[PDB]
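Source file: model.pdb (PDB, C-alpha atoms (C1' of nucleotides) and all ligand atoms)
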ATOM      1  CA  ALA A   2     -14.324  12.011 -28.931  1.00  0.00           C
ATOM      2  CA  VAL A   3     -11.187  12.366 -26.820  1.00  0.00           C
ATOM      3  CA  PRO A   4     -12.466  12.624 -23.250  1.00  0.00           C
ATOM      4  CA  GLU A   5      -9.007  12.744 -21.702  1.00  0.00           C
ATOM      5  CA  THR A   6      -8.711  16.339 -22.904  1.00  0.00           C
ATOM      6  CA  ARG A   7     -12.162  17.451 -21.617  1.00  0.00           C
ATOM      7  CA  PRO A   8     -11.940  18.991 -18.137  1.00  0.00           C
ATOM      8  CA  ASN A   9     -12.890  16.705 -15.292  1.00  0.00           C
ATOM      9  CA  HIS A  10     -12.894  16.726 -11.517  1.00  0.00           C
ATOM     10  CA  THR A  11     -10.135  14.104 -11.640  1.00  0.00           C
ATOM     11  CA  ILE A  12      -6.687  14.406 -13.193  1.00  0.00           C
ATOM     12  CA  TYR A  13      -4.863  11.250 -14.311  1.00  0.00           C
ATOM     13  CA  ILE A  14      -1.084  11.369 -13.847  1.00  0.00           C
ATOM     14  CA  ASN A  15       1.255   8.755 -15.224  1.00  0.00           C
ATOM     15  CA  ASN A  16       4.940   8.455 -15.797  1.00  0.00           C
ATOM     16  CA  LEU A  17       5.397   8.465 -12.042  1.00  0.00           C
ATOM     17  CA  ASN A  18       8.408   6.835 -10.427  1.00  0.00           C
ATOM     18  CA  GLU A  19       7.166   3.284  -9.622  1.00  0.00           C
ATOM     19  CA  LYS A  20       9.892   2.856  -6.920  1.00  0.00           C
ATOM     20  CA  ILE A  21       8.070   5.156  -4.416  1.00  0.00           C
ATOM     21  CA  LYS A  22       5.764   3.418  -1.909  1.00  0.00           C
ATOM     22  CA  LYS A  23       1.979   3.756  -2.184  1.00  0.00           C
ATOM     23  CA  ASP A  24       1.437   5.907   0.896  1.00  0.00           C
ATOM     24  CA  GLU A  25       4.481   8.109   0.334  1.00  0.00           C
ATOM     25  CA  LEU A  26       3.387   8.651  -3.252  1.00  0.00           C
ATOM     26  CA  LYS A  27      -0.147   9.556  -2.136  1.00  0.00           C
ATOM     27  CA  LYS A  28       1.061  12.000   0.498  1.00  0.00           C
ATOM     28  CA  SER A  29       3.668  13.658  -1.733  1.00  0.00           C
ATOM     29  CA  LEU A  30       1.061  14.062  -4.486  1.00  0.00           C
ATOM     30  CA  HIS A  31      -1.249  15.664  -1.947  1.00  0.00           C
ATOM     31  CA  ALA A  32       1.540  17.960  -0.825  1.00  0.00           C
ATOM     32  CA  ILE A  33       2.219  19.235  -4.325  1.00  0.00           C
ATOM     33  CA  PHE A  34      -1.394  19.387  -5.534  1.00  0.00           C
ATOM     34  CA  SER A  35      -3.412  20.636  -2.584  1.00  0.00           C
ATOM     35  CA  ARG A  36      -2.712  24.352  -3.149  1.00  0.00           C
ATOM     36  CA  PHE A  37      -4.853  24.237  -6.264  1.00  0.00           C
ATOM     37  CA  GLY A  38      -8.033  23.355  -4.432  1.00  0.00           C
ATOM     38  CA  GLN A  39      -9.674  20.946  -2.093  1.00  0.00           C
ATOM     39  CA  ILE A  40      -8.851  17.308  -2.772  1.00  0.00           C
ATOM     40  CA  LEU A  41     -11.579  14.712  -2.375  1.00  0.00           C
ATOM     41  CA  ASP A  42      -9.136  11.858  -2.753  1.00  0.00           C
ATOM     42  CA  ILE A  43      -5.995  10.505  -4.386  1.00  0.00           C
ATOM     43  CA  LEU A  44      -6.021   6.926  -5.695  1.00  0.00           C
ATOM     44  CA  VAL A  45      -2.756   5.046  -6.304  1.00  0.00           C
ATOM     45  CA  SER A  46      -2.275   1.326  -6.911  1.00  0.00           C
ATOM     46  CA  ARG A  47       0.971  -0.581  -7.231  1.00  0.00           C
ATOM     47  CA  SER A  48      -0.694  -3.272  -9.346  1.00  0.00           C
ATOM     48  CA  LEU A  49       1.111  -4.339 -12.535  1.00  0.00           C
ATOM     49  CA  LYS A  50      -1.651  -2.611 -14.462  1.00  0.00           C
ATOM     50  CA  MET A  51      -1.785   0.554 -12.322  1.00  0.00           C
ATOM     51  CA  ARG A  52       1.779   1.282 -11.222  1.00  0.00           C
ATOM     52  CA  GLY A  53       3.292   4.603 -12.270  1.00  0.00           C
ATOM     53  CA  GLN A  54      -0.202   6.176 -12.284  1.00  0.00           C
ATOM     54  CA  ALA A  55      -2.353   8.198  -9.900  1.00  0.00           C
ATOM     55  CA  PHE A  56      -5.817   9.731  -9.975  1.00  0.00           C
ATOM     56  CA  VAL A  57      -6.098  13.022  -8.083  1.00  0.00           C
ATOM     57  CA  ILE A  58      -9.738  13.988  -7.390  1.00  0.00           C
ATOM     58  CA  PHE A  59     -10.550  17.673  -6.836  1.00  0.00           C
ATOM     59  CA  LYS A  60     -13.795  19.092  -5.497  1.00  0.00           C
ATOM     60  CA  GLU A  61     -13.824  21.742  -8.237  1.00  0.00           C
ATOM     61  CA  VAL A  62     -13.116  21.190 -11.922  1.00  0.00           C
ATOM     62  CA  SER A  63     -11.442  24.582 -12.108  1.00  0.00           C
ATOM     63  CA  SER A  64      -8.951  23.225  -9.548  1.00  0.00           C
ATOM     64  CA  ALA A  65      -8.146  20.231 -11.742  1.00  0.00           C
ATOM     65  CA  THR A  66      -7.589  22.553 -14.691  1.00  0.00           C
ATOM     66  CA  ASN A  67      -5.154  24.764 -12.782  1.00  0.00           C
ATOM     67  CA  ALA A  68      -3.293  21.811 -11.349  1.00  0.00           C
ATOM     68  CA  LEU A  69      -2.837  20.192 -14.775  1.00  0.00           C
ATOM     69  CA  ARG A  70      -1.630  23.381 -16.503  1.00  0.00           C
ATOM     70  CA  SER A  71       0.714  24.283 -13.683  1.00  0.00           C
ATOM     71  CA  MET A  72       2.166  20.836 -13.082  1.00  0.00           C
ATOM     72  CA  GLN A  73       2.309  19.453 -16.625  1.00  0.00           C
ATOM     73  CA  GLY A  74       5.808  18.079 -17.106  1.00  0.00           C
ATOM     74  CA  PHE A  75       6.927  19.046 -13.615  1.00  0.00           C
ATOM     75  CA  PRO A  76       9.896  17.038 -12.249  1.00  0.00           C
ATOM     76  CA  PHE A  77       8.679  14.729  -9.491  1.00  0.00           C
ATOM     77  CA  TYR A  78      10.758  11.895  -8.046  1.00  0.00           C
ATOM     78  CA  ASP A  79      13.057  12.404 -11.073  1.00  0.00           C
ATOM     79  CA  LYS A  80      10.428  11.942 -13.773  1.00  0.00           C
ATOM     80  CA  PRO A  81       8.347  14.574 -15.572  1.00  0.00           C
ATOM     81  CA  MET A  82       4.724  14.226 -14.566  1.00  0.00           C
ATOM     82  CA  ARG A  83       2.387  13.492 -17.455  1.00  0.00           C
ATOM     83  CA  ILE A  84      -1.077  14.862 -16.692  1.00  0.00           C
ATOM     84  CA  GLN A  85      -4.437  14.335 -18.399  1.00  0.00           C
ATOM     85  CA  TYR A  86      -8.029  14.616 -17.317  1.00  0.00           C
ATOM     86  CA  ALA A  87      -9.522  11.268 -16.320  1.00  0.00           C
ATOM     87  CA  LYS A  88     -11.545   9.646 -19.095  1.00  0.00           C
ATOM     88  CA  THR A  89     -14.566   9.179 -16.813  1.00  0.00           C
ATOM     89  CA  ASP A  90     -15.761  10.605 -13.545  1.00  0.00           C
ATOM     90  CA  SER A  91     -14.346   8.978 -10.443  1.00  0.00           C
ATOM     91  CA  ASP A  92     -16.994   7.082  -8.506  1.00  0.00           C
ATOM     92  CA  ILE A  93     -17.111   9.567  -5.634  1.00  0.00           C
ATOM     93  CA  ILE A  94     -17.928  12.277  -8.193  1.00  0.00           C
ATOM     94  CA  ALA A  95     -20.473  10.153 -10.042  1.00  0.00           C
ATOM     95  CA  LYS A  96     -22.223   9.708  -6.711  1.00  0.00           C
ATOM     96  CA  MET A  97     -22.370  13.490  -6.194  1.00  0.00           C
ATOM     97  CA  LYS A  98     -23.851  14.107  -9.643  1.00  0.00           C
ATOM     98  CA  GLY A  99     -26.462  11.355  -9.208  1.00  0.00           C
ATOM     99  CA  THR A 100     -25.011   9.367 -12.150  1.00  0.00           C
ATOM    100  CA  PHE A 101     -23.437   6.407 -10.308  1.00  0.00           C
ATOM    101  CA  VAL A 102     -23.877   2.959 -11.957  1.00  0.00           C
TER     102      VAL A 102
ATOM    103  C1'   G B   1     -16.022  11.492  11.075  1.00  0.00           C
ATOM    104  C1'   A B   2     -13.053   9.604   6.755  1.00  0.00           C
ATOM    105  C1'   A B   3      -8.992   7.833   3.792  1.00  0.00           C
ATOM    106  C1'   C B   4      -4.022   5.874   3.389  1.00  0.00           C
ATOM    107  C1'   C B   5      -0.034   3.348   5.845  1.00  0.00           C
ATOM    108  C1'   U B   6       2.415   0.135   9.719  1.00  0.00           C
ATOM    109  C1'   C B   7      10.031  -5.551   8.872  1.00  0.00           C
ATOM    110  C1'   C B   8      14.358  -4.167   5.442  1.00  0.00           C
ATOM    111  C1'   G B   9      16.032  -4.757   0.437  1.00  0.00           C
ATOM    112  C1'   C B  10      17.691  -6.527  -4.688  1.00  0.00           C
ATOM    113  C1'   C B  11      16.753  -8.227  -9.855  1.00  0.00           C
ATOM    114  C1'   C B  12      13.534  -9.133 -14.283  1.00  0.00           C
ATOM    115  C1'   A B  13       9.264  -7.436 -16.852  1.00  0.00           C
ATOM    116  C1'   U B  14       5.654  -3.498 -17.367  1.00  0.00           C
ATOM    117  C1'   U B  15       4.035   3.775 -19.879  1.00  0.00           C
ATOM    118  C1'   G B  16      -0.496   1.006 -18.059  1.00  0.00           C
ATOM    119  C1'   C B  17      -7.657   5.123 -17.347  1.00  0.00           C
ATOM    120  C1'   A B  18      -8.783   3.027 -12.275  1.00  0.00           C
ATOM    121  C1'   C B  19     -12.261   3.245  -8.348  1.00  0.00           C
ATOM    122  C1'   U B  20     -13.349  -5.156  -4.010  1.00  0.00           C
ATOM    123  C1'   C B  21      -7.497  -6.911  -3.689  1.00  0.00           C
ATOM    124  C1'   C B  22      -4.358  -9.346  -6.987  1.00  0.00           C
ATOM    125  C1'   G B  23       2.970  -9.745 -12.654  1.00  0.00           C
ATOM    126  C1'   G B  24       7.457 -12.983 -11.878  1.00  0.00           C
ATOM    127  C1'   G B  25      12.253 -14.400  -9.382  1.00  0.00           C
ATOM    128  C1'   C B  26      15.773 -13.886  -5.248  1.00  0.00           C
ATOM    129  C1'   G B  27      17.764 -12.404  -0.603  1.00  0.00           C
ATOM    130  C1'   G B  28      18.389 -10.240   4.436  1.00  0.00           C
ATOM    131  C1'   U B  29      17.098  -8.723   9.665  1.00  0.00           C
ATOM    132  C1'   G B  30      15.011  -9.863  14.247  1.00  0.00           C
ATOM    133  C1'   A B  31      15.179 -15.030  19.882  1.00  0.00           C
ATOM    134  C1'   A B  32      11.881  -8.365  23.041  1.00  0.00           C
ATOM    135  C1'   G B  33      11.699 -13.879  15.563  1.00  0.00           C
ATOM    136  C1'   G B  34       5.057 -15.107  11.520  1.00  0.00           C
ATOM    137  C1'   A B  35       6.890  -8.043  11.087  1.00  0.00           C
ATOM    138  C1'   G B  36       2.107  -2.321  16.062  1.00  0.00           C
ATOM    139  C1'   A B  37      -1.713  -5.327  19.555  1.00  0.00           C
ATOM    140  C1'   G B  38      -5.894  -8.962  20.126  1.00  0.00           C
ATOM    141  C1'   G B  39      -8.892 -12.916  18.355  1.00  0.00           C
ATOM    142  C1'   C B  40      -9.320 -16.583  14.819  1.00  0.00           C
ATOM    143  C1'   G B  41      -7.412 -19.440  10.999  1.00  0.00           C
ATOM    144  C1'   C B  42      -3.067 -20.790   8.236  1.00  0.00           C
ATOM    145  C1'   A B  43       2.199 -21.578   8.237  1.00  0.00           C
ATOM    146  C1'   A B  44       6.301 -23.690  10.675  1.00  0.00           C
ATOM    147  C1'   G B  45       8.814 -27.382  13.132  1.00  0.00           C
ATOM    148  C1'   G B  46      14.935 -26.652  16.164  1.00  0.00           C
ATOM    149  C1'   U B  47      21.561 -23.919  16.066  1.00  0.00           C
ATOM    150  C1'   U B  48      16.706 -21.645  13.934  1.00  0.00           C
ATOM    151  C1'   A B  49      11.953 -22.548  10.914  1.00  0.00           C
ATOM    152  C1'   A B  50       7.348 -19.870   9.867  1.00  0.00           C
ATOM    153  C1'   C B  51       7.453 -14.350   8.310  1.00  0.00           C
ATOM    154  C1'   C B  52       0.660 -15.281   5.567  1.00  0.00           C
ATOM    155  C1'   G B  53      -4.855 -14.141   5.489  1.00  0.00           C
ATOM    156  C1'   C B  54      -9.396 -12.182   7.728  1.00  0.00           C
ATOM    157  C1'   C B  55     -11.821  -9.300  11.330  1.00  0.00           C
ATOM    158  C1'   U B  56     -11.533  -5.868  15.409  1.00  0.00           C
ATOM    159  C1'   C B  57      -8.404  -2.273  17.693  1.00  0.00           C
ATOM    160  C1'   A B  58      -4.317   1.047  18.319  1.00  0.00           C
ATOM    161  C1'   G B  59      -0.955   4.471  16.490  1.00  0.00           C
ATOM    162  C1'   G B  60       1.210   7.556  12.611  1.00  0.00           C
ATOM    163  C1'   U B  61       0.037  10.791   8.689  1.00  0.00           C
ATOM    164  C1'   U B  62      -3.144  13.534   5.296  1.00  0.00           C
ATOM    165  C1'   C B  63      -7.919  15.582   5.353  1.00  0.00           C
ATOM    166  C1'   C B  64     -13.355  17.105   6.344  1.00  0.00           C
TER     167        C B  64
HETATM  168  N1  LIG C   1       8.476 -17.036  24.484  1.00  0.00           N
HETATM  169  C1  LIG C   1       8.179 -18.246  23.984  1.00  0.00           C
HETATM  170  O1  LIG C   1       7.172 -18.874  24.308  1.00  0.00           O
HETATM  171  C2  LIG C   1       9.219 -18.838  23.079  1.00  0.00           C
HETATM  172  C3  LIG C   1      10.055 -17.969  22.391  1.00  0.00           C
HETATM  173  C4  LIG C   1      11.055 -18.447  21.572  1.00  0.00           C
HETATM  174  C5  LIG C   1      11.255 -19.817  21.426  1.00  0.00           C
HETATM  175  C6  LIG C   1      12.293 -20.208  20.413  1.00  0.00           C
HETATM  176  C7  LIG C   1      11.904 -20.970  19.296  1.00  0.00           C
HETATM  177  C8  LIG C   1      10.601 -21.500  19.093  1.00  0.00           C
HETATM  178  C9  LIG C   1      10.286 -22.257  18.013  1.00  0.00           C
HETATM  179  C10 LIG C   1      11.258 -22.539  17.007  1.00  0.00           C
HETATM  180  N2  LIG C   1      10.946 -23.321  15.920  1.00  0.00           N
HETATM  181  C11 LIG C   1       9.605 -23.829  15.715  1.00  0.00           C
HETATM  182  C12 LIG C   1      11.955 -23.697  14.948  1.00  0.00           C
HETATM  183  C13 LIG C   1      12.552 -22.015  17.184  1.00  0.00           C
HETATM  184  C14 LIG C   1      12.839 -21.260  18.286  1.00  0.00           C
HETATM  185  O2  LIG C   1      14.121 -20.783  18.345  1.00  0.00           O
HETATM  186  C15 LIG C   1      14.522 -20.069  19.439  1.00  0.00           C
HETATM  187  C16 LIG C   1      15.838 -19.700  19.420  1.00  0.00           C
HETATM  188  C17 LIG C   1      16.389 -19.008  20.515  1.00  0.00           C
HETATM  189  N3  LIG C   1      17.713 -18.623  20.533  1.00  0.00           N
HETATM  190  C18 LIG C   1      18.324 -18.152  21.762  1.00  0.00           C
HETATM  191  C19 LIG C   1      18.558 -18.649  19.353  1.00  0.00           C
HETATM  192  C20 LIG C   1      15.510 -18.691  21.600  1.00  0.00           C
HETATM  193  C21 LIG C   1      14.204 -19.068  21.585  1.00  0.00           C
HETATM  194  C22 LIG C   1      13.633 -19.768  20.492  1.00  0.00           C
HETATM  195  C23 LIG C   1      10.357 -20.703  22.050  1.00  0.00           C
HETATM  196  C24 LIG C   1      10.519 -22.206  21.943  1.00  0.00           C
HETATM  197  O3  LIG C   1       9.640 -22.940  22.448  1.00  0.00           O
HETATM  198  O4  LIG C   1      11.614 -22.650  21.516  1.00  0.00           O
HETATM  199  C25 LIG C   1       9.351 -20.206  22.867  1.00  0.00           C
HETATM  200  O1  LIG C   2     -16.870   9.882  16.157  1.00  0.00           O
HETATM  201  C1  LIG C   2     -16.125  11.068  16.384  1.00  0.00           C
HETATM  202  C2  LIG C   2     -16.636  12.154  15.486  1.00  0.00           C
HETATM  203  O2  LIG C   2     -18.047  12.029  15.395  1.00  0.00           O
HETATM  204  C3  LIG C   2     -16.328  13.425  16.219  1.00  0.00           C
HETATM  205  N1  LIG C   2     -15.066  13.973  15.673  1.00  0.00           N
HETATM  206  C4  LIG C   2     -13.914  14.066  16.348  1.00  0.00           C
HETATM  207  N2  LIG C   2     -12.938  14.602  15.589  1.00  0.00           N
HETATM  208  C5  LIG C   2     -13.469  14.868  14.394  1.00  0.00           C
HETATM  209  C6  LIG C   2     -12.974  15.450  13.139  1.00  0.00           C
HETATM  210  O3  LIG C   2     -11.690  15.853  13.020  1.00  0.00           O
HETATM  211  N3  LIG C   2     -13.833  15.554  12.120  1.00  0.00           N
HETATM  212  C7  LIG C   2     -15.113  15.159  12.221  1.00  0.00           C
HETATM  213  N4  LIG C   2     -15.914  15.296  11.150  1.00  0.00           N
HETATM  214  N5  LIG C   2     -15.625  14.623  13.345  1.00  0.00           N
HETATM  215  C8  LIG C   2     -14.869  14.453  14.447  1.00  0.00           C
HETATM  216  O4  LIG C   2     -16.149  13.047  17.581  1.00  0.00           O
HETATM  217  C9  LIG C   2     -16.375  11.652  17.751  1.00  0.00           C
HETATM  218  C10 LIG C   2     -15.446  11.099  18.812  1.00  0.00           C
HETATM  219  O5  LIG C   2     -14.111  11.467  18.512  1.00  0.00           O
HETATM  220  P1  LIG C   2     -13.056  11.600  19.704  1.00  0.00           P
HETATM  221  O6  LIG C   2     -11.770  10.970  19.261  1.00  0.00           O
HETATM  222  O7  LIG C   2     -13.054  13.022  20.176  1.00  0.00           O
HETATM  223  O8  LIG C   2     -13.762  10.649  20.787  1.00  0.00           O
HETATM  224  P2  LIG C   2     -13.806  10.945  22.369  1.00  0.00           P
HETATM  225  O9  LIG C   2     -14.109   9.597  22.968  1.00  0.00           O
HETATM  226  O10 LIG C   2     -12.432  11.479  22.694  1.00  0.00           O
HETATM  227  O11 LIG C   2     -14.923  11.934  22.542  1.00  0.00           O
HETATM  228  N1  LIG C   3      12.303 -17.737  26.505  1.00  0.00           N
HETATM  229  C1  LIG C   3      12.935 -18.736  25.868  1.00  0.00           C
HETATM  230  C2  LIG C   3      14.232 -18.503  25.359  1.00  0.00           C
HETATM  231  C3  LIG C   3      14.918 -19.477  24.694  1.00  0.00           C
HETATM  232  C4  LIG C   3      14.326 -20.716  24.484  1.00  0.00           C
HETATM  233  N2  LIG C   3      15.076 -21.734  23.750  1.00  0.00           N
HETATM  234  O1  LIG C   3      14.553 -22.823  23.564  1.00  0.00           O
HETATM  235  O2  LIG C   3      16.187 -21.438  23.334  1.00  0.00           O
HETATM  236  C5  LIG C   3      13.063 -21.004  24.925  1.00  0.00           C
HETATM  237  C6  LIG C   3      12.362 -20.028  25.618  1.00  0.00           C
HETATM  238  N3  LIG C   3      11.032 -20.397  26.059  1.00  0.00           N
HETATM  239  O3  LIG C   3      10.344 -19.556  26.620  1.00  0.00           O
HETATM  240  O4  LIG C   3      10.645 -21.539  25.845  1.00  0.00           O
HETATM  241 MG    MG C   4       3.474 -10.616   9.887  1.00  0.00          MG
HETATM  242 MG    MG C   5       2.055  -6.644   9.218  1.00  0.00          MG
END

Rendering of file as C-alpha cells:
Amino acid sequence: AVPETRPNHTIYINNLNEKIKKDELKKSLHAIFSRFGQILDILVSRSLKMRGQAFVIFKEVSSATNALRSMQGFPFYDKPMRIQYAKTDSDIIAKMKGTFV
RNA sequence: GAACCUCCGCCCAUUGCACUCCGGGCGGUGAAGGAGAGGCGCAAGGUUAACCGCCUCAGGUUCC
C-alpha cells in the first residue's frame, strides 16, 4: 500500500543540499552511512528531477533499517536528512533476487 | 576487479522514487588557453576566440 515504509535494501534520502557536487555528495554519504553495513552502491544525480536526492544501497536490509532510524533528521550539509525506504528494489538488488525486468 | 570524479563561480526555478545522459540565464580564469593525456569529430578564428561530444587511457578517491 505504502511501499516507502516497507524495509528495503535501498534507502531514499531527500532534502539534501543541492549545492554539493555529485562526487563529494556520494563520498560524504558513504562516509556517514558505511558503519551500518556494507554498501553496494550510492546513486546521486544532479538532474532537475533528481537533485537533492540520493539512493543508498546496502547489502543487508537490516543495515538499511539501522541507517534510516539512526540518521533520520540528522543535520547534513546544513539540512536535516529525510530518509525513506526506496519504493522498489534497485536494479543491482533485483538482479540478485532473480527478479530483474 | 568495480564505481564515482577530473577549470573556477554567480543568479533564477525546482522537495523531486531513480537506476543510458539530459531545467533556464549570466560571468570569470588560463597563452604551460577547448579545462589530466591520446585519437577522432565538433567549435573557434586574433590583443584573444573556442572552452564541447565520443571512445581509449591515466590519475585521484571510495569499495570488493
Ligand atoms: N603552441 C601553439 O601551437 C600555439 C599556441 C598558442 C597560439 C596562440 C593563439 C592561437 C589561436 C588563437 N585564436 C584562434 C584566436 C589565438 C591565440 O592567441 C595567442 C595569444 C598569445 N599571447 C601571448 C597573448 C600567445 C599565443 C596565442 C598559437 C597561434 O597560432 O597563435 C599557437
Ligand atoms: O585486473 C586486475 C584484477 O583482476 C586484479 N586486482 C588487482 N587489485 C584488485 C582489487 O583491489 N580487487 C580485485 N577484485 N581485483 C584486483 O589484478 C589485476 C591487475 O591489477 P594490477 O593493477 O595489479 O595489474 P598489474 O599489471 O600491476 O599486475
Ligand atoms: N608559442 C607561441 C606563442 C605566441 C604566439 N603568438 O602568436 O602570440 C604563437 C606561438 N606559436 O607557437 O605559434
Ligand atoms: Mg575541455
Ligand atoms: Mg574535461

Around ligand LIG 1 (chain C), which protein and nucleic acid residues have at least one atom no more than 7 Å from it, if we count all atoms listed in the file? List them as a ChimeraX atom specification. /B:31,44-49

Provide an axis-aligned box for all listed atoms of segment 61-76 of chain A, padding each side by 8 Å; report its centre and its edge lengths in Å to one decimal, as lines of an AutoDock Vina configuration file.
center_x = -2.0
center_y = 20.9
center_z = -12.7
size_x = 39.7
size_y = 23.7
size_z = 24.9

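Matched in the shown structure by the PyMOL selection byres (((not hetatm)) within 9 of (chain C and resi 2)): residues 1, 2, 63 and 64 of chain B.
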
Report as JSON lines: every residue of chain B with an atom at most 10 Å from ligand MG 5 (chain C), its closest pair of atoms, and their distance in Å to one decimal, counting all atoms listed in the file, with rows sorted by chain and ascending residue number.
{"residue": "B:6", "atom": "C1'", "partner": "C:MG5", "partner_atom": "MG", "distance": 6.8}
{"residue": "B:7", "atom": "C1'", "partner": "C:MG5", "partner_atom": "MG", "distance": 8.1}
{"residue": "B:34", "atom": "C1'", "partner": "C:MG5", "partner_atom": "MG", "distance": 9.3}
{"residue": "B:35", "atom": "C1'", "partner": "C:MG5", "partner_atom": "MG", "distance": 5.4}
{"residue": "B:36", "atom": "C1'", "partner": "C:MG5", "partner_atom": "MG", "distance": 8.1}
{"residue": "B:51", "atom": "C1'", "partner": "C:MG5", "partner_atom": "MG", "distance": 9.5}
{"residue": "B:52", "atom": "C1'", "partner": "C:MG5", "partner_atom": "MG", "distance": 9.5}

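Near residue 44 of chain A, within 8 Å and counting only C-alpha atoms (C1' of nucleotides), sit residues 27, 55, 56 and 57 of chain A; 19 of chain B; same-chain residues fewer than 3 positions away were not included.
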